[PDB]
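Single chain ahead, written as structure tokens, the form deposited in one PDB entry.
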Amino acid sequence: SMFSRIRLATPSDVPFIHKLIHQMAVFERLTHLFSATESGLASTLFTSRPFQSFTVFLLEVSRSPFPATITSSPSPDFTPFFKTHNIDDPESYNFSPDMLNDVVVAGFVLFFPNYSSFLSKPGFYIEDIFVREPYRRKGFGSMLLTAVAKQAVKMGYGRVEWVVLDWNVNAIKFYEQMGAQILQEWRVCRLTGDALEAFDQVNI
């Protein structure tokens, strides 16, 4: 068996989050966009309590069972998620939160609360999901998405949202199978860089 657990990230997890983000960039051939630092993550991701702002779930795996609970979780509204699944890991030493324990970080989901004005109810928006080698092709991306959905239900949140590439027909079918809807009318707009900085000059 391979045991898996999904838990909340805390500040000590910053090195793993950093390295997972980097591996995601490498995977996507987008490393030219990577400027993330451990200091940056540490100073930005943990300014609020879980589920109140940026939240990260970490997927960990082990050849032996996980404990049934986490007593030190940074939210009273979270208990971990688990699955048992029926592999060489050269990066294991970079992904072990307790060097002596037989547990490694395998992936993450970064999400934050969004809001429906009409319902006066928060939801979650999923920004990134990434599962590192050698744990790909095992359904763990799905597991991470499912964890966010389940957390929303437990907390009475009204929606979980994310984006998908228009040509990602397999993912679109998968999302539809889950009962999600693809909203065909909307397009994302982004203001960044020098165009964003120019707003400093606007006299209000």
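Note that residue numbering follows the sequence shown and begins at 1.
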| field | Unmodelled in at least a third of other entries of this protein, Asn114 | value | no
| task | Please establish whether a third or more of the other compared PDB entries omit coordinates for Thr69. | result | yes
| query | In this entry, is the chain continuous from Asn86 to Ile87, or are deposited residues missing in between (none, 1 to 3, 4 to 9, 10 or more)? | reply | 4 to 9
| query | Quick one: higher average CA temperature factor, 193 to 201 or 4 to 12? | reply | 193 to 201
| Per the entry, higher mean C-alpha B factor between 54 to 62 and 170 to 178 | 170 to 178
| note | For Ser96, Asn114, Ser117, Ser75, the deposited C-alpha B-factor is largest at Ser75
| task | Name the third of the chain's ranked CA B-factors that contains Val188, choosing lowest, middle or highest. | result | middle
| field | Position of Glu91 among the chain's modelled residues by C-alpha B-factor, lowest, middle or highest third | value | highest
| request: Would you mind checking where the Cα B-factor of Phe34 ranks among the modelled residues of its chain, as the lowest, middle or highest third? | output: middle
| query | Lowest, middle or highest third: where is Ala149 by Cα B-factor in its chain? | reply | lowest
| said: Considering every modelled residue of the chain and its Cα B-factor in the PDB entry, is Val26 in the lowest, middle or highest third? | reply: lowest
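Keep in mind that the form deposited in another entry is missing from the display, and what follows is about it.
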| field | Common rigid part between this form and the one not shown for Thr146 and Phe51 | value | yes
